[PDB]
Structure formats: C-alpha cells, structure tokens
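J.: This structure is in structure tokens; I'll ask about it shortly.
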Amino acid sequence: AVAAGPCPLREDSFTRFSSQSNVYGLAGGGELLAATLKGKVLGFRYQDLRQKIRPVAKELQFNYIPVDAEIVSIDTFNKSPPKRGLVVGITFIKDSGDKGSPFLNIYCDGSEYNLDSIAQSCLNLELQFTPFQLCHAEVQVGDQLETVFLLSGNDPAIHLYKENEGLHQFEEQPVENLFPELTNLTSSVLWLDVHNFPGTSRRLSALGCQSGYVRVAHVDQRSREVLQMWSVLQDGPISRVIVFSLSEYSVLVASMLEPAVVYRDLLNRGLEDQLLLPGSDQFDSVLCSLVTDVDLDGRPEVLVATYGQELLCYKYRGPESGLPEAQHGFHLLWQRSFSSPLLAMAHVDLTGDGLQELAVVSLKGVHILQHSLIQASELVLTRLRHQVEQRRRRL
Amino acid sequence: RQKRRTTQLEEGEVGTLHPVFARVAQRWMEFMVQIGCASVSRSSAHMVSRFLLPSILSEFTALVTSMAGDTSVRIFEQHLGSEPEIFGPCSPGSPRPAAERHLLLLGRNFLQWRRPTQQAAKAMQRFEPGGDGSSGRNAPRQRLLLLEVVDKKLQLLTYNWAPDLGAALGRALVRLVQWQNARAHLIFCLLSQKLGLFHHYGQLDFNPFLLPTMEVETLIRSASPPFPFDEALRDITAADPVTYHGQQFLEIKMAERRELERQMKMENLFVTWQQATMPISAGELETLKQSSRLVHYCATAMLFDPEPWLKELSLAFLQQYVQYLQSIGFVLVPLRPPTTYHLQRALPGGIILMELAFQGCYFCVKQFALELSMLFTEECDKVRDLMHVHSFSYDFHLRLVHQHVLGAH
Amino acid sequence: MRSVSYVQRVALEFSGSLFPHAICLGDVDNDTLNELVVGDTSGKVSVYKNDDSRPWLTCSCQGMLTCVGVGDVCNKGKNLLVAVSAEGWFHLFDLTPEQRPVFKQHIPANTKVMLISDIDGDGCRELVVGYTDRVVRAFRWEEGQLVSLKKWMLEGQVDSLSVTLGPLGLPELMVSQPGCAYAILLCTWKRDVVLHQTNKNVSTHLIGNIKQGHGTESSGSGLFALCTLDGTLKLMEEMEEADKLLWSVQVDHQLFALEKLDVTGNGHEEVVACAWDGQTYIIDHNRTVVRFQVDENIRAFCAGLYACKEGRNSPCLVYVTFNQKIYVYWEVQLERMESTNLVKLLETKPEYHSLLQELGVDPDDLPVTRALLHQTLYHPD
C-alpha cells in the first residue's frame, strides 16, 4: 500500500470542458476525439512550430443532431485494409417530450480520411432500446478481414450493424451469425472486449455485465465454433475488462466495489488463478483502466483510475526475478493525483516523435501527460551508447 | 485453574464447531417440517449482491437480543475455506472477489442449558416447555435457532419457539432483507450515475419499499427499516459501500441547501434596495460584509478634543457627516432588530456600502463594494474623491469655535 | 499559451476581511524557514507554520491593520515582525526563542503600502511608507527610536514601492503612478520626484528587482514589471539613458496583483500576475505564457517560498477565498516552460549526433528516426 518510486509523468496542457462526459466519451483517431454530454465534440491534436509544439483543441459540428439531443456514446475506427477511410459512430438520445428516443449516426465519406468531409455523412437509425457502449471488432469472413460495429442494448442483447457496399450503408444483422459467444445475456453489458489472435483463426471474447457476471470465451472464426467457456459471478458492476498477454494469456477485471484482479493462464488454468492488485480499493471506485508499458522496460504495467481522483500504476514482478513466498505477483509501482474524478484514458503519440503521450479525460477536461523528458533523454542515450559498444565488441 | 478452556470450548468461544451442528442439525432437523412437528420455520432471502451480509447479520443479532433476553447469538463462519468442519468462531467482526462464503449463525440459552427442569421462559418460550420433574422422567426441552447462509441465500430455522415470536421473526427478516435490497438499488443507481450514464439506470423504474415514494434520506441514513435524484451527481466536482456512497451523496446535496440561501439573500437585498425598506437583521450584515471586498478607506482625527460631552460632540459630528452623505444619494440602513452607522447606494453594476465609526481619537470611513465591471469600478471610485473627510473636519471645527465665541460654558 | 492545472494544496481557516496588502510570507522565528503572516482588519495578526489549518500563533495589535512586514529593519541582523495600522501606529514583534508587541511608536496615519530596503546603500535599512494621499515618507531606526527622513509628494495615487539597482549601481526607489506611469524618488539626503509615462486613471501596480542569474541576488537587478487593471502587462529594463521595453502582453482580465517567483529552478524569476476572477498568469523573460485558472473569486494573492512539508522551502502560491479559506499550492515547480517532445530536445545534444553517426545513420527522413526511437524505448531486447 506504499508507492515505490516517484511519478515520471509531467503534465503538459489542460483544456477545460464546459460540460462533463461519460466513460464512453473518449474516441480515437494521430488526432483525438472527445465529446461532452451536451453534444459538443472536440478534436485534440498538436501543431509543430519552429522548435516547439502547441496543443490545439478545435470544436467540431455534425449535421443531423438535434440541439436538444443528449449524446450517450461515441466511437470510430479506420476502414478495412482492403478498403480505405474512417467511420465514426455516435449514439445519442432525443428527448421525445418525456421519453428517450435512442438513435445511431454513422459518418463515413480522397476524402475518405478527411474528418471535415466525414462531419456530414450521417445516417439516422432508431435503436428501440437505450444503448450502452459502441465498440468495434475485426472478423475473418471467408479469407478477408472485415470490421463491424457492436452495441450493447437495454434489452440484454448485443446488436451488430454491418456495412454493405451494395447499399453502401450499415444494416443491423443477427449477432449469432458471427458471434456465438455473444448470445443469451441476462444483464446489460457495460464493457466488452474482443481480443483477436495474431494471424490465426482463434480469439478470445471477454465481457462483464451490471450484475457482476463475467464471461470469457475462446472462440474460433474459421469454423465459428466456441471451443470452451468460463464464467464468474462477482459483486458490483464490472467497470472494465481487458485481455492481455502478461509475458500464455491473462485477463484483468476492474469492478466497482472490490479490488481489481487479474486472472492468469486462461487457456491452461481456466479462471482459477487470481491475483488481486493490493490496495486499489482505498480510493473510492475504479472507473477506468489501461494496460501498457509505462515504465519503458519492455514489459506491461497496469493503470487504474479511480473516482477518488487517483491514477495508481501497478507493476508485475516476473518469475525471472522470482522471490520465494513474495513470488512474481503485483506491487504498487507509483501513484499520482488529480482534482477531478477520472473517466477515460488513451495512450497515443500525439506529439509525433515515437514517445506515447497519455490523454486523461476527467470531469472538468483533458490532461495531456508526457514522460519526464529529462529521464527520457539520458536513458535513450545510455541505451544507444551500450548498443554501439556491444556492436563494436561483436564486430 | 480450569475456567477459560471450559468456556473457550463447550461454549463456542474458541476452537471449532462440534460435528453435531456441522451437518447433523440440518438434516432430520429440517425434515421436522416434512414429517410435521412443532418447529417449523423458513426464509426466502434472495439478497442482491453479497456485500450486505455483515450489516444484515448485525441487525439480526440486534433483533435476537431484542425479542430474546436469553439467546447467545454467535457467528460460526468456516474461516478456513478448505472443505470440512472449518467452522471457527469469528469474534465480533470479503477476502476474494468471486469467493462465495458459507456462514452458520446459532442461538442458544446457556442458563436454560445448564439444567433444563423448570419453565425456561414461559409465554416467550418453546410453547412446549416444562416436562415431568420426577427423576428419570426429567424434562427434555430447550430452544435453538440455526439460520444458515449461502452466497445469496438465507434459510431461517427455529425450534421450540413461541409461534408468534417465530412468525414475527420471519416477517421482520423478510422486511429487513427488502430494506437492504432497496438500499442496494439506490447504491447501484448512484454508481450508474458516476460513470456518466444517467438515463440508463435510475430509482424510478423498479418489495414494499420499491414504490415511487421512497424516502431516500431515511434509507441512506438507516441500516434498518422503521432536485431530481436521476441527475443528482451531474457536473458536480465536490469532495460498507452503502454508508460510503450514501453519505458522500448526502454531503454533496447538502452543499446546495447550505449554499443557495446566500444567493437568495443577496439577490433579495439587491433588488429591494435597487429601487431602507426594513431593519435588515444584524446577522445579515456579516454576510453582506464577508461577501464584499474592502476597496477604500479614509480617516481623520477629531481635533476638538484633549468624555461624555466629547462623546456628544463626536455624535453631532457623525450626524452632520451622515446628513452630508444623505445630500449625495446614500440612504441609511437600519440595524439591530434583535455607536456605528451604515449607509448604502445601490447601482446598476452593484451595491456600495459605507461604515462610519470612531476609533480612539480618530474617525473611520470604509467603503465596501459588491458587483462590464469596469463601469462599476469607474463609479465605485467616484465616492472616494467625494469623501472630503478633511474639509468637513476643518469646517466643523471652525463652526464649533465660532459657536463657542457666540456663547459660554 | 499552454495552460496547466496544479493539484496539491493545503487549506487554512481564516475568517475576516483584509486589504490586498495585508498578507505576507517570510521567516519570523529565524529558523531559515518561511511562515505565513496575515493581518486582519479586526486587529489581529495570525502566523501559520508548517501545514496545520489552525493558526500556529496569533498576536494582538491596536487599531485596524493595513501593512505587515518581516525583516531586519532595526539593522541588528535579526528578523522582526512589524505591523502598521491605519491610524498611524507602528507595532513590533519578536518571537525567536497573546504575543504583545515590544515597541509602539505613532506615525502619520492613512498608511497604504510599505517597503523595507537599504535604499541609500548606507548599510542600514530605511522603512518607506506610502499614503493614500499621494505622500511618501522615509524613516530610519536609530538608537532606540524611529526618526523621519525626506518626504516626497506626488499627484497620482501610490500603489507599490520598489527598490531597483540603478544604472549607477545604486539602489533606486520607484512608485507606480496611475495611467501606466512610474515615478522615482531621488532621496538626496546623504525636483525630488521624477516621473515617466510610457486609459486615463487606470490603477497600475509595479514590481522590481527581478533576478537574471543563479546566485546573482546580492547585487542584481535591472528589470521591472508594470500591470494595469484593464489587463496590460509589461516587463522592461531601466539601464542608463532610456528604459528598454522587454515585452508587453495584452489580456482581458482585471489584474490586481504582481509578484515574482522562480519555478523552473534555473535561477531566473518569472512574473506571476493574478486577477479578480482568479485567472493567474506566469510569464518568463521571453514571453512564454502559462495560465492557471482557479474556479473561485480572489480577495488576496501572494507568492514566494514557503515551508509546508518535509521542512524544506519550496515555491508556492497563496490565495484568499471568499469562503474564509486560504489555499496554499506547494507543488508548482515545472520541468520547463515551453513544449518540446523528444526530437528537438535531443537534437540539441551533440553526443546524440555523434552517436547516431556511428550507427550508420544520418537524420534526414524522420520516420527512420521515429522507428529507431520506438525500438530503443519500448523494445530494449
């Protein structure tokens, strides 16, 4: 419950938000898109100038959204590698007098990658249920990879909206056709991850629902056959689930009333090997999470954003330095602090150098954190010098 | 000698549970309802989420002590998690998320258990008490409660208890469980709010207490039964999960009941004086001052001085200055509806307040202000140049000396 | 241009009203650690130490306070806590090992501002007091009692007093003048006021003696800054013939304070300006702007070193809020002041160029360099 080392992150800029967002507000792009509840959407980027850079946060407008409409979720992706362009999906709710009127807008336009052109290409589609999360996945149909939308609904069902070149439009299709594991749901699904495998026809699918039911499925794609299945009933809503390779595969479950945990060796031990992240429950409710290498050591670490304005970062030890009883578990690497509840993160190279900035969307706005440049300037030089020396010794 | 071990064991204080209560008194003890006997009991608890177990257990212990002054409630949860007969006492007290516990409450009367021969607790007892007092024909009769717990499943089992007592216990347990479920529903609504999904969940669409007349504060503030809530935590960035989240929400909400009063008062006593009315309360003066910044001040010394007559002269000087100020546009503000003077002059950009008082051998003038704002400040420092707190003292002293010339004392 | 958002802070309880010049920070117990001093209208001076919200101690004065100061005005080499009321009363306090004063000495009333410095360069320190009636009076403590010195009279209002190393290497006293002007007092005792004008009666604040190098504080000055209430900031150097304007910035807020503070730790001092609505600005000597918005309304502002945690002085910001709370931000240090990523910070180093020359590379493409950086950063094997 004690940090080991200081935070190597230095905050660069901070753009204030007039109105708050929600956990589904953060989108991708090397630009960035973030939308507020009241329909104001902003594009974040950086512009170079002589020997420095400057953040730019430019508001954007989409054609067919009512001024009274309230935006619920947003996402986007790039077209399939055979194709070209980007597609942006936004789900809002009209206020039909005293009822909700859900909807879904899909924007996709040379100008296939031009965001300004894509700003007005939408299609208006009813939803008949209150949407929860707009995500997307890539599937192997025939011998071609195709990217399709996914959207959890008020009725415990996931509704796929596939593109069609014949009509050049997105139409709803049954989810059982492509995703056998995404059927027969009891509670609404807050978060859902589809982890493809590299180069094979297999993959994993992880999902958690409001009641705390978490289902993980090892699913093929060529035969569309579920191989195995595991499920666990926890307490409290499942805020986040991420499928990641620790070094073999493992998963991370971030609840809202219990310490976040990681289940190891899914394909070899099911869901019986559990490691809890110590002390990650003393800071209110874990609203977000992200798994990547923040230590620049070539091995991933776990980021946990709490409602109590905390940004804990946990590091895995590793059997390579296995220490008997205190075995290769998890320990608190370091801990930062903020002033607003934390909602979403992103790990994107906005500057344009190869170093990855961390964008954090909180209640009042967006913080662009960078690595400590002084630390990230001597370390690269030492690595390069060692590389040259070993090359000479090996020459 | 041997005093603690005969109570640490044989009384359920330490050690482990007997194999009798491990599995025997749950079979053919429950079947007493199948055959039909005088120990029927049941429960239908279906708790949503397991984090309510400790509060529910504490309340149930309280109830047991309430309608039983002889029971000896003692939780015997198996604190090993291996499999067999792991029941180790948990002194007046979770580990893993997915782990589902297994608890076994018990209730007993040690005094009656000491030597059952007479009426244990007549009229609040077995309803089969007593028994022949003759030796060998002694009285086998006692009472017990053996509530069992699964992940989310309670089963109430009583034996040899007053039927009204048992029925009341069952009804109370069901009601308490429903109370806790309603509290959990409120907490879930709050959590769904926190992520920024407002019209996705809510304490409007969904049990005696689930009616659309729920008293939120009573549920939050109580662990036992006796602005639009759907958008409470929206754009608000203010500083047992149920207690935690509920009290946080309570303070967040009270931070508006204790705030909008100030705005209401300031708007009221700005529009009233904009176009003095009434004796504004003394307490309101503190708000009016602490909500305003001390812009300018001026001071002078009363030279007609080295006394009661001096006090009277100072009062006359003060009243002359008050008259002069009133000849400019500033009105007087009455005070003390249970020597210091206060004036004012409302302006379109805001209000201006002046305080006049005498300190030792000096006279004090302070100007407050309370608000684009450039125009207000342009006229805000248009009273400073017209204070003239020096020429006035000059003329006052000269008039006083002339009057004393035209007179005597 | 870039904004920031500081986080760490400590709140202190302080109920009352005070003038904008009734707050200061400095060492009073001679422990080499600064403490916070606030003098209220009610006639009490509270000193906060370390991080407790409750005041460390309190001293009682007579009359209502308008100026506070800490320093070795007595020229005894020990720091004293002096207070100046509105009724022309001077009070002195010493607490280095309640708290009644030790020296009361009446003076002219209408006291507005205050300064302590060795203006004459005589080795003694001469207390200087401005008055709301455009009158400046110099004093000196001689054994003990206070004695008067040359007095100056001006037309425009007096807002601040500053001591700056003049072109001849001698300390110079200047005072702000409405209309974005400033006057210099010659103090020839060992015209007497010379004014320079750079709307009509806009209030102007001014600060001087801003450092330019590491350790060059014993004898270093030459820079001074003006701020106008209608949102106009200027930094300029005096030097011999005619003062040279370094930079000028136009903003759209009501500026009501002006301070100097070193945050990057490189030796230079940065201009720290505030506003009524709380939009703080920080600018270095090269027109690099760092904003900081506090979602409140500000009564009083302060800056400088403070000792909050671990018994180590650190740069701080002090705000007084309408909600009877004093906020102290004590983690304001910045790694730099501009925005540079890695492809231009590392470009400066020449060893990097030589070492990239050894590895058969010569940066021209940029994607190649990015790939090399990514491999060296996230792929150490």
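In the structure tokens, chains take letters A, B, ... by order of appearance, with residues numbered from 1 within each chain and ligands from 1 in the order shown.
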Write out as a list in words each polymer residue whose atoms come within 7 Å of stretch 117-120 of chain C, counting only C-alpha atoms; drop sequence neighbours fewer than 2 positions from it.
T.: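 Here the answer would be residues 115, 122, 123, 124, 125, 126, 127, 163, 171, 172 and 173 of chain C.
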J.: With only C-alpha atoms considered, list every residue of chain A at most 9 Å from chain B, as an MDAnalysis selection string.
T.: chainID A and resid 19:24 37 72 100 130:132 154 211:212 232:237 239 256:261 274 276 284:285 287 307:308 339:341 343 363:364
J.: Quick one: contact table of chain C to chain A, 6 Å max, nearest atom pair and distance in Å to one decimal per residue, counting only C-alpha atoms, chain and number order, as CSV?
T.:
residue,atom,partner,partner_atom,distance
C:2,CA,A:13,CA,5.7
C:3,CA,A:13,CA,5.3
C:4,CA,A:13,CA,5.3
C:7,CA,A:338,CA,5.8
C:339,CA,A:53,CA,5.4
C:340,CA,A:52,CA,4.9
C:370,CA,A:354,CA,5.2
C:374,CA,A:354,CA,5.5
C:378,CA,A:298,CA,5.1
C:379,CA,A:298,CA,5.4
J.: Selected residues, N, CA and C atoms, written as a compact mmCIF listing (two decimals), in the first residue's frame, please.
T.:
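The file below, again-v5.txt, is the result:
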# COMPACT_ATOMS: atom_id res chain seq x y z
N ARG C 2 0.12 27.64 -23.37
CA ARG C 2 -0.33 26.41 -22.75
C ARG C 2 -0.78 26.66 -21.32
N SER C 3 -1.88 26.03 -20.94
CA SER C 3 -2.37 26.08 -19.57
C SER C 3 -1.92 24.85 -18.80
N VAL C 4 -2.12 24.90 -17.49
CA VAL C 4 -1.81 23.79 -16.60
C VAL C 4 -2.91 23.69 -15.56
N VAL C 7 -2.46 20.67 -8.50
CA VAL C 7 -3.35 19.79 -7.74
C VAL C 7 -3.12 19.93 -6.25
N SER C 339 6.94 23.76 -24.86
CA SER C 339 6.52 22.40 -25.22
C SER C 339 7.47 21.86 -26.29
N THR C 340 8.26 20.86 -25.92
CA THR C 340 9.17 20.17 -26.84
C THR C 340 9.07 18.68 -26.58
N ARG C 370 12.07 7.94 -35.93
CA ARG C 370 10.97 7.55 -35.06
C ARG C 370 10.99 6.05 -34.80
N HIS C 374 11.45 4.33 -31.17
CA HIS C 374 10.49 3.38 -30.63
C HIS C 374 11.16 2.07 -30.26
N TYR C 378 10.68 1.16 -26.30
CA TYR C 378 9.76 0.12 -25.89
C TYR C 378 10.26 -1.29 -26.18
N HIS C 379 11.39 -1.43 -26.87
CA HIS C 379 11.93 -2.73 -27.25
C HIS C 379 13.40 -2.80 -26.83
J.: Distance cut-off 7 Å, counting only C-alpha atoms - which residues of chain B neighbour chain C? Return them as a list in words.
T.: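 Output check: residues 290, 291, 293, 294, 298 and 299 of chain B.
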J.: Would you write out those residues with N, CA and C atoms, as an mmCIF file, in the first residue's frame?
T.:
data_model
loop_
_atom_site.group_PDB
_atom_site.id
_atom_site.type_symbol
_atom_site.label_atom_id
_atom_site.label_comp_id
_atom_site.auth_asym_id
_atom_site.auth_seq_id
_atom_site.Cartn_x
_atom_site.Cartn_y
_atom_site.Cartn_z
ATOM 1 N N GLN B 290 -18.786 40.060 4.519
ATOM 2 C CA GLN B 290 -17.891 38.986 4.112
ATOM 3 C C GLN B 290 -18.080 38.578 2.661
ATOM 4 N N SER B 291 -19.180 38.967 2.025
ATOM 5 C CA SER B 291 -19.353 38.738 0.601
ATOM 6 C C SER B 291 -18.843 39.899 -0.238
ATOM 7 N N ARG B 293 -15.619 43.072 -0.780
ATOM 8 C CA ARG B 293 -14.205 43.353 -0.579
ATOM 9 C C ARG B 293 -13.994 44.803 -0.162
ATOM 10 N N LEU B 294 -13.108 45.001 0.812
ATOM 11 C CA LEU B 294 -12.800 46.320 1.350
ATOM 12 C C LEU B 294 -11.983 47.134 0.355
ATOM 13 N N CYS B 298 -10.792 55.891 4.507
ATOM 14 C CA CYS B 298 -10.269 57.209 4.833
ATOM 15 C C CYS B 298 -10.466 57.451 6.322
ATOM 16 N N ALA B 299 -9.621 58.309 6.888
ATOM 17 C CA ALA B 299 -9.657 58.536 8.323
ATOM 18 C C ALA B 299 -9.235 59.963 8.640
#
J.: Taking 5 positions as the minimum chain separation for residues in the same chain, which residues sit within 9 Å of stretch 53-68 of chain B when counting only C-alpha atoms? Answer as a list in words.
T.: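 Neighbouring residues, sequence-local ones excluded: residues 47, 73, 74, 75, 93, 105, 107, 124, 152, 165, 169, 172, 173, 176, 177, 180, 223, 224 and 240 of chain B.
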J.: Write the selection just made, keeping N, CA and C atoms, as an mmCIF file, in the first residue's frame?
T.:
data_model
loop_
_atom_site.group_PDB
_atom_site.id
_atom_site.type_symbol
_atom_site.label_atom_id
_atom_site.label_comp_id
_atom_site.auth_asym_id
_atom_site.auth_seq_id
_atom_site.Cartn_x
_atom_site.Cartn_y
_atom_site.Cartn_z
ATOM 1 N N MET B 47 -30.884 -11.933 -1.326
ATOM 2 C CA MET B 47 -30.098 -10.703 -1.346
ATOM 3 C C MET B 47 -29.460 -10.465 -2.703
ATOM 4 N N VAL B 73 -26.377 -15.517 20.475
ATOM 5 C CA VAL B 73 -26.009 -15.499 19.061
ATOM 6 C C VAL B 73 -24.496 -15.452 18.881
ATOM 7 N N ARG B 74 -23.974 -16.305 17.994
ATOM 8 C CA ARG B 74 -22.530 -16.447 17.814
ATOM 9 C C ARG B 74 -22.282 -16.934 16.389
ATOM 10 N N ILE B 75 -21.709 -16.065 15.553
ATOM 11 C CA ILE B 75 -21.427 -16.438 14.172
ATOM 12 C C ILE B 75 -20.318 -17.477 14.142
ATOM 13 N N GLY B 93 -16.677 -9.512 14.378
ATOM 14 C CA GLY B 93 -16.153 -8.883 13.180
ATOM 15 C C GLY B 93 -17.138 -7.933 12.528
ATOM 16 N N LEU B 105 -25.114 -19.076 11.484
ATOM 17 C CA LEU B 105 -25.476 -18.444 12.742
ATOM 18 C C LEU B 105 -26.080 -19.467 13.694
ATOM 19 N N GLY B 107 -28.083 -19.706 17.851
ATOM 20 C CA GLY B 107 -28.600 -19.062 19.039
ATOM 21 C C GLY B 107 -28.910 -20.079 20.114
ATOM 22 N N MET B 124 -42.938 -16.800 26.344
ATOM 23 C CA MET B 124 -41.983 -16.392 25.321
ATOM 24 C C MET B 124 -40.963 -17.497 25.120
ATOM 25 N N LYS B 152 -25.880 -15.903 -1.722
ATOM 26 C CA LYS B 152 -27.062 -15.064 -1.515
ATOM 27 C C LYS B 152 -28.236 -16.008 -1.284
ATOM 28 N N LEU B 165 -43.676 -15.409 18.089
ATOM 29 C CA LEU B 165 -42.286 -14.982 18.006
ATOM 30 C C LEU B 165 -41.661 -15.424 16.692
ATOM 31 N N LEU B 169 -40.427 -13.020 13.710
ATOM 32 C CA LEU B 169 -39.031 -13.079 13.299
ATOM 33 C C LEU B 169 -38.915 -13.255 11.793
ATOM 34 N N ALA B 172 -40.049 -10.030 10.007
ATOM 35 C CA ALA B 172 -39.053 -8.986 10.195
ATOM 36 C C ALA B 172 -37.820 -9.247 9.349
ATOM 37 N N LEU B 173 -37.387 -10.505 9.270
ATOM 38 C CA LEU B 173 -36.233 -10.825 8.443
ATOM 39 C C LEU B 173 -36.511 -10.516 6.981
ATOM 40 N N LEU B 176 -36.505 -6.726 6.529
ATOM 41 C CA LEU B 176 -35.156 -6.179 6.601
ATOM 42 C C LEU B 176 -34.379 -6.478 5.331
ATOM 43 N N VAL B 177 -34.532 -7.689 4.797
ATOM 44 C CA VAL B 177 -33.853 -8.023 3.552
ATOM 45 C C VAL B 177 -34.342 -7.124 2.428
ATOM 46 N N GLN B 180 -32.696 -3.745 2.795
ATOM 47 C CA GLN B 180 -31.321 -3.751 2.314
ATOM 48 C C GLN B 180 -31.271 -3.807 0.794
ATOM 49 N N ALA B 223 -29.755 1.690 8.652
ATOM 50 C CA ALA B 223 -29.446 0.323 8.264
ATOM 51 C C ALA B 223 -30.565 -0.648 8.593
ATOM 52 N N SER B 224 -31.683 -0.161 9.119
ATOM 53 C CA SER B 224 -32.818 -0.990 9.483
ATOM 54 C C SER B 224 -34.098 -0.310 9.028
ATOM 55 N N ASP B 240 -18.222 -0.846 4.380
ATOM 56 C CA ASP B 240 -19.607 -0.736 3.944
ATOM 57 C C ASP B 240 -19.749 0.282 2.821
#
J.: Write out as number ranges by chain all residues of stretch 96-156 of chain A that DSSP puts in strand (DSSP E) for this structure's backbone.
T.: A: 96, 99-107, 124-126, 134-141, 144-152
J.: Might you pull out every residue within 7 Å of residue C:237, with only C-alpha atoms counted and same-chain residues fewer than 4 positions away left off, and present them as a PyMOL selection string?
T.: chain C and resi 222-224+243-246
J.: Go ahead and dump the residues you just picked, C-alpha atoms, as a PDB file, in the first residue's frame.
T.:
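Once everything was written out, this is result17.pdb:
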ATOM      1  CA  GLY C 222      17.648  45.972 -13.743  1.00  0.00           C
ATOM      2  CA  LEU C 223      14.218  44.600 -14.611  1.00  0.00           C
ATOM      3  CA  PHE C 224      10.789  45.776 -13.536  1.00  0.00           C
ATOM      4  CA  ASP C 243      14.356  52.296 -20.237  1.00  0.00           C
ATOM      5  CA  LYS C 244      14.100  49.470 -22.768  1.00  0.00           C
ATOM      6  CA  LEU C 245      10.824  47.564 -23.060  1.00  0.00           C
ATOM      7  CA  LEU C 246      11.404  43.812 -22.905  1.00  0.00           C
TER       8      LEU C 246
END
J.: Please provide the set of residues having any atom within 7 Å of stretch 95-101 of chain C, restricted to only C-alpha atoms, with same-chain residues fewer than 5 positions apart removed, written as an NGL selection string.
T.: :C and (29-30 or 58-60)
J.: Using N, CA and C atoms, can you write the selected residues to a file as a PDB file, in the first residue's frame?
T.:
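The new file selection_18.pdb reads:
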ATOM      1  N   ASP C  29      10.703  33.387  12.982  1.00  0.00           N
ATOM      2  CA  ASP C  29      11.398  32.781  14.105  1.00  0.00           C
ATOM      3  C   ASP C  29      12.867  32.532  13.808  1.00  0.00           C
ATOM      4  N   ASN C  30      13.356  33.007  12.663  1.00  0.00           N
ATOM      5  CA  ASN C  30      14.761  32.874  12.282  1.00  0.00           C
ATOM      6  C   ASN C  30      15.195  31.412  12.264  1.00  0.00           C
ATOM      7  N   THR C  58      -0.890  33.734  17.271  1.00  0.00           N
ATOM      8  CA  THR C  58      -1.596  34.975  16.992  1.00  0.00           C
ATOM      9  C   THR C  58      -1.109  36.067  17.929  1.00  0.00           C
ATOM     10  N   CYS C  59      -0.958  37.272  17.389  1.00  0.00           N
ATOM     11  CA  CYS C  59      -0.605  38.446  18.169  1.00  0.00           C
ATOM     12  C   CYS C  59      -1.680  39.511  18.009  1.00  0.00           C
ATOM     13  N   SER C  60      -1.867  40.298  19.064  1.00  0.00           N
ATOM     14  CA  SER C  60      -2.919  41.302  19.132  1.00  0.00           C
ATOM     15  C   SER C  60      -2.316  42.693  19.009  1.00  0.00           C
TER      16      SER C  60
END
J.: Give me the residues within 9 Å of residue B:384 as a list in words, counting only C-alpha atoms and dropping any in the same chain fewer than 5 places off.
T.: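 In the requested format, the answer is residues 296, 297, 298 and 367 of chain B.
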J.: I'd like to know which of B:45, B:22, B:357, B:33 is closest to residue B:86, using only C-alpha atoms.
T.: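 Of B:45, B:22, B:357, B:33, the one nearest residue B:86, counting only C-alpha atoms, is B:22.
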J.: Can you work out which one of A:98, A:143, A:301, A:389 has the shortest atom-to-atom distance to residue A:317, counting only C-alpha atoms?
T.: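 Closest to residue A:317 of all the choices is A:301.
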